[PDB]
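Enquirer: Structure in structure tokens, see below.
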Amino acid sequence: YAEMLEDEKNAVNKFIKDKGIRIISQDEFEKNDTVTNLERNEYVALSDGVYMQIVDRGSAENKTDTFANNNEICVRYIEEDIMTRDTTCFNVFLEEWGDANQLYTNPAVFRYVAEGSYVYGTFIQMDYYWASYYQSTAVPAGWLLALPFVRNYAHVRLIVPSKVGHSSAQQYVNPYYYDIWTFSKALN
Amino acid sequence: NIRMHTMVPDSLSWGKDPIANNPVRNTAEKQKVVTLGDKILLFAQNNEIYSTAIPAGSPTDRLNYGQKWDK
Amino acid sequence: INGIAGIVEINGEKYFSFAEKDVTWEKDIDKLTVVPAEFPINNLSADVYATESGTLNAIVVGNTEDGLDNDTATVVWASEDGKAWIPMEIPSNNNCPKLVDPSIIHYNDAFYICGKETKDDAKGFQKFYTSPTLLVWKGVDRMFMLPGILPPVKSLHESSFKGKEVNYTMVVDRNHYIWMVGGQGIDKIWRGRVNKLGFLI
Amino acid sequence: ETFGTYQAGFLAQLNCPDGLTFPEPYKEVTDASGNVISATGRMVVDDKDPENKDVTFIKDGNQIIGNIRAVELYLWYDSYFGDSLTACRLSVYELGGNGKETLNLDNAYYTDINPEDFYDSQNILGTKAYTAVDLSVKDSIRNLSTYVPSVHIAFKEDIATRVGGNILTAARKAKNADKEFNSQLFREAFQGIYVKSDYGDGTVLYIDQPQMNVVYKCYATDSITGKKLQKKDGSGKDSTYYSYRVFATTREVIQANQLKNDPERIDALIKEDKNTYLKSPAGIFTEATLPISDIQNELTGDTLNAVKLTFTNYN
């Protein structure tokens, strides 16, 4: 197969229809102030085919400390494979693996670059699981499309197609789902 | 020339015999030894002192001392 | 640093104090420090040496008070200056046994301790104990033995320390001779040096 | 001998992952005869048994919420500065108290914060003697590629009970209210640590990650019916093992340093006029004044192809 692998849209449509999920266009997302309603399970159709839901826009009392260029951002997440419905990557605590202290003790941290074009990001510290499993330092480009829409300590959920995935998703043409429990500005 | 040691380097050499007797009368008494200048002093509790003297210097030279003690 | 370090009993309580060159002890109770109950009391021995950083350091051992809880080892107390002494306590099994009238020296780039043991199955001076870094202690089962321990000329010398339980004293002179003086039961003077210190190399 | 004494120490907060909890207490269920039928939970909860004298049980109200076996700190480090056989001593204190300040985004990251107003001297947790190359560990172990050095400064039983009990009761208090035990709730139970140098001259350790383990006792339980397993050896009463939770400084929380140079010596060396210094740890920089005006006057109309500046040094 060469072009047949780009049928990932069928799997994403399967993953959408299997659950209660509604699609909102960005031109509606930016006009009902800015929120994806959680009682109705809204998702925005972002650029490059990313579907994204903000669960908590973050920093609700300060409202000012948004992300920007040259920041270093800490990420905690759990990654689900779309094609076979399996938890593939994580660095967060859950009771089913509570005693595996190596997996969740340290977060992933990346530098955020936002010059006039071509936003990109590089892991400074990879988590143990990512560092052993995927062994690459390039951040999934789908994550970086969400930063201009959220603040510090935000909680977001993303569906990422292969064109903007990581170094494995781009080769084996596999979309993924990320439950980003937290974006944080890096301290110390 | 094959140069070889005549005595083991990292070995504490005590000799075959103790080099001198203890000069203190009534050897039950408490003892103390200290060095000052070029002399080694041995003190005993009953206001009693003995002494011996050290040669000119250079620890690597062929020195011998300690066989005689003086009041 | 120039002066003498000692213990002074201000108003009935013991404090460490330091008499700097040609001036009296510090007696200001707000800025002395209290002597711990575990600190040695009698038959103290001490040594002073330069760390590889160029800073002097001092180390002491001796007899403790007559009875105290959970004590089973000869801990060595160090001090970077004269104001406050600090114990080199060892959590692991690498701690040297309890010794009576212990003596300590810094010698040929290592530390050594000697004393007499009281376990009733191997009483007396039994061996030296050594340390490369002051926090782990080993018994020397080979060269660098106690005086009078002869190699096979084919033995134990009558005036040897090994196995005896007597009064004694020792010093190191500026040619690096070890001097060991025995009381009742040994009655002799022993002298020795490791051969590596006399070589021209 | 040129710059005088240099001294350093650091303050650090410990992180707690979202939703982290200790295993639930082991609870029996019995039918009307008194015979046990099923059970849930994993942590040992019953005292008065001579087999459980190895741990201390902890409570709120009048109910036992768990047990503590030990609490222990590891300060991991990859490398160091200076000699590696000089003996040194280190001591650690708990942060916070009555009237003290706390670390925040404005207090931290200055290299000369005064720790005496972040901590109280009576809250000492422990002390350790160290040498930056630990000859107590066999060479065979120290050659392994998986070996990372550390100073291991585990606490005494009273301190372990206090700290572990506070952390465990905070975790239970969060769980029972259907909250989740995020780091801000952990910080109410254990603010952080201050690490201080008491004795030794020559070593500076590069502590990479301070880590704290809280250790507790658990039963082994049947995969189907949840009851305690009996020991597989002869005799025995029940089967138990020890498990732990980990709290560490992982860049989601604040850490700060005190890097104290000898101020008079630095101020004196700044006043030398035959030379300039570059003392790195918040010491001395050198400032240069470029002749931009002269270049702008003399080379107007030229294309500049290179402008070279060189600083050069003594041995």
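Residues are listed down the side, and each one gets a yes or a no for (1) surrounded by fewer than 20 Cβ atoms within 10 Å (Cβ to Cβ); (2) within 14 Å of another protein chain (Cβ to nearest Cβ); (3) of a type in the set (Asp, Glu); (4) farther than 15 Å from residue A:67 by Cβ:
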{"position": "A:138", "(1), (2), (3), (4)": "yes, no, no, yes"}
{"position": "A:145", "(1), (2), (3), (4)": "yes, no, no, no"}
{"position": "A:154", "(1), (2), (3), (4)": "no, yes, no, no"}
{"position": "A:167", "(1), (2), (3), (4)": "yes, no, no, yes"}
{"position": "A:172", "(1), (2), (3), (4)": "yes, no, no, yes"}
{"position": "A:179", "(1), (2), (3), (4)": "yes, yes, yes, yes"}
{"position": "A:186", "(1), (2), (3), (4)": "yes, yes, no, no"}
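Enquirer: Among the residues of region A:42-62, are any under 30 Å from residue D:41 (Cα atoms), in a loop (DSSP other than H, G, I, E, B) and touching a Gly at 6+ places or on another chain (Cβ under 9 Å)? Give the derivation first.
Expert: Of region A:42-62, the ones under 30 Å from residue D:41 (Cα atoms) are none.
No, region A:42-62 contains no residue that is under 30 Å from residue D:41 (Cα atoms), in a loop (DSSP other than H, G, I, E, B) and touching a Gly at 6+ places or on another chain (Cβ under 9 Å).
Enquirer: Next up: Identify, please: which residue in region C:124-176 is at the interface with chain B (Cβ under 9 Å from one of its Cβ atoms) and not in a loop (DSSP other than H, G, I, E, B) and is, among those, farthest from residue C:89 (Cα to Cα)?
Expert: Ranking the candidates gives C:149 first.
Conditions (1) more than 18 Å from residue D:203 (Cβ to Cβ); (2) out of contact with any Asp or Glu (no Cβ under 9 Å at 6 or more places or on another chain); (3) part of a loop (DSSP other than H, G, I, E, B), marked per residue:
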site: C:52; (1), (2), (3): no, no, yes
site: C:62; (1), (2), (3): yes, no, no
site: C:65; (1), (2), (3): yes, no, yes
site: C:69; (1), (2), (3): yes, yes, yes
site: C:75; (1), (2), (3): yes, no, yes
site: C:78; (1), (2), (3): no, yes, no
site: C:81; (1), (2), (3): no, yes, yes
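Enquirer: Got a sec? Which of C:86, C:59, C:90 is touching a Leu at 6+ places or on another chain (Cβ under 9 Å), of a type outside the set (D, E, K, R) and at the interface with another protein chain (Cβ under 8 Å from one of its Cβ atoms)?
Expert: Checking each option against the conditions leaves just C:90.
Enquirer: Of everything in region B:53-71, what is surrounded by 10 or more Cβ atoms within 10 Å (Cβ to Cβ), of a type outside the set (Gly, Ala, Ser) and within 16 Å of residue C:192 (Cα to Cα)? Give them in sequence order.
Expert: B:54, B:59, B:60, B:61, B:63, B:65, B:67
Enquirer: Would you check which residues across region D:1-31 are within 28 Å of residue D:219 (Cβ to Cβ), more than 14 Å from chain A (Cβ to nearest Cβ) and assigned to a loop (DSSP other than H, G, I, E, B) and list them?
Expert: Of everything in region D:1-31, those that are within 28 Å of residue D:219 (Cβ to Cβ), more than 14 Å from chain A (Cβ to nearest Cβ) and assigned to a loop (DSSP other than H, G, I, E, B) turn out to be D:26, D:31.
Enquirer: A follow-up question, please. For a quick check of your reading of the model, give me the residue pairs whose first member lies in region C:11-27 and is at positive phi, whose second is among the hydrophobic types (A, V, I, L, M, F, W, C), with beta-carbon atoms closer than 9 Å and at least 6 apart or on different chains.
Expert: Taking only residues 6 or more apart or on different chains, the pairs are C:11/C:29.
Enquirer: Pull up region C:62-83, narrow it to residues that are crowded, with 19+ Cβ neighbours inside 10 Å and within 14 Å of chain D (Cβ to nearest Cβ), then point me to the one that is nearest to the chain's Cα centre (by Cα).
Expert: Within region C:62-83, the match that is nearest to the chain's Cα centre (by Cα) is C:76.
Enquirer: Turning to a different aspect of this structure: So which of D:275, D:257, D:297 is among the polar types (S, T, N, Q) and assigned to a strand (DSSP E or B)?
Expert: Values: D:275 fails: assigned to a strand (DSSP E or B); D:297 fails: assigned to a strand (DSSP E or B).
After ruling out the rest, the residue left standing is D:257.
Enquirer: Let me ask something else about it. Out of everything in region B:16-51 that is hydroxyl-bearing (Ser, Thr, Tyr) and within 8 Å of chain C (Cβ to nearest Cβ), what residue ends up being surrounded by the most Cβ atoms within 10 Å (Cβ to Cβ)?
Expert: B:27
Enquirer: Okay, moving on. If you scan region D:181-207, which residues turn out to be surrounded by fewer than 15 Cβ atoms within 10 Å (Cβ to Cβ) and either in a loop (DSSP other than H, G, I, E, B) or under 16 Å from the mean Cα position of the chain (by Cα) (or both)?
Expert: Within region D:181-207, just D:206 meets the criteria.
Enquirer: In region C:177-196, what residues are facing chain B (nearest Cβ under 7 Å) and farther than 14 Å from residue B:64 by Cα?
Expert: Of everything in region C:177-196, those that are facing chain B (nearest Cβ under 7 Å) and farther than 14 Å from residue B:64 by Cα turn out to be C:181, C:182, C:183, C:184, C:187, C:188, C:189, C:194, C:195, C:196.
One line per residue, one yes/no per condition, for (1) closer than 19 Å to residue D:253 by Cβ; (2) surrounded by fewer than 16 Cβ atoms within 10 Å (Cβ to Cβ):
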site: D:119; (1), (2): yes, no
site: D:148; (1), (2): no, yes
site: D:153; (1), (2): no, no
site: D:157; (1), (2): no, yes
site: D:163; (1), (2): yes, no
site: D:172; (1), (2): no, no
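Coordinate-derived values only; no laboratory data. Neighbour counts are summed over all protein chains in view; Cβ atoms, including those assigned to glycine, are modelled from backbone coordinates with ideal geometry.
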